[PDB]
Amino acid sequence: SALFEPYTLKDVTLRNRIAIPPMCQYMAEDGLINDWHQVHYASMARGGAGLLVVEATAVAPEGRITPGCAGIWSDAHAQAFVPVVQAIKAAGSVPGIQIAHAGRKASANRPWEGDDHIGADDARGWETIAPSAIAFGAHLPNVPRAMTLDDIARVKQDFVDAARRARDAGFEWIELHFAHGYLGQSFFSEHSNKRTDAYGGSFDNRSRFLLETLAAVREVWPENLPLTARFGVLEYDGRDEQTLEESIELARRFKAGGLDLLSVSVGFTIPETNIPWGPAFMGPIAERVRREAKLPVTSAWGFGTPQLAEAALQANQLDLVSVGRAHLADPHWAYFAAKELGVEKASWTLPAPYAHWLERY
């Protein structure tokens, strides 16, 4: 089974090709994680996945999506991740973390508490920042403040400091959140970036914030641990061929800048789109990025059945299959996948106190 072959990237070996992508839990307080996350992450790691990327973790307070988002903007915040890192490793999984800045989508309610921008009369809200003073629209109407050059320098240093903190906490895999309409994606997209300085306009200028952040992070992140990023390569906004071509070119530049693997996603930069949701729909797009940028890839959004994951790997569309919601439904999804694919001794995807009994059941 291709899904259960190990994978080596830099000095890190994953025991299989199942990755748990970052999934915000909205359960932190002032950026500090707690027993919600400790159990959540430890249980999924014991489930058998080879790589667990911790949820979008804000590099600065205003870069959280919501008041429940995790943060890593101080050393105290980083120390809180140490028992999570250690529990993921104790389970035989590899701990990774996505470091993030929500941009114009920041200062929002939790998804089950309105999912919308916080009202200006609510004491929990804060001022958002973005490349240009333009609102996402729809349920996110708040207009962000347009960043100055000093803001750009500051946010880049925040990504650097966060990467250094993640390193010292023991994470073995880092993912820069350049996707999903948050800060990084919004610098790249012409929908959200109307700047007239060095950080907007041309392809080189729109790419600049992302390349400079990657390069600044590369100086502090160890050469022997995977340096990755998530990036929305198209928007389904009627501009897909031109946008995908530009995104693939940016992926080539990421590779030239030391990126080890790209998590290929959708932009979500604006609401006026027509995303063709369906099983494994990102397969052909991830395959094109992988082949044309010559970089390992993962993807998500509908690979969460054992046969779809297996087929994507056998077709060389992906190097790792990210399975998100199926792990919220069943933290032991990797064991379920091993049974479905007929892995020898599939119960031993789990630790002994479970594996011994499910072998004979």
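Residues carry their position along the shown sequence, with the first being 1.
Entry-level comparison of average CA B-factors, 5-13 and 338-346, reporting the higher stretch: According to the entry, 338-346 carries the higher average C-alpha B-factor.
Residue range whose averaged C-alpha B-factor is higher in the record, 118-126 or 220-228: In the deposited entry, the stretch with the higher C-alpha B-factor mean is 118-126.
C-alpha B-factor winner, where the candidates are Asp260, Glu172, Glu246, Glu175: That would be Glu246, according to the entry.
Highest recorded Cα temperature factor - choice among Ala87, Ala280, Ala100, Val233: Highest C-alpha B-factor among the listed options: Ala280.
Relative C-alpha B-factor of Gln307, binned into the chain's lowest, middle or highest third: Middle third, going by the recorded CA B-factors of the chain.
Where the record places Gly96 (Cα B-factor, split into thirds across the chain): Lowest third, going by the recorded CA B-factors of the chain.
Assigned third (lowest, middle, highest) for the C-alpha B factor of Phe254: Lowest third.
Relative C-alpha B-factor of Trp357, binned into the chain's lowest, middle or highest third: According to the entry, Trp357 has a C-alpha B-factor in the chain's middle third.
Entry-reported Cα temperature factor of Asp319, expressed as the chain third it lands in: CA B-factor rank for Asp319: lowest third.
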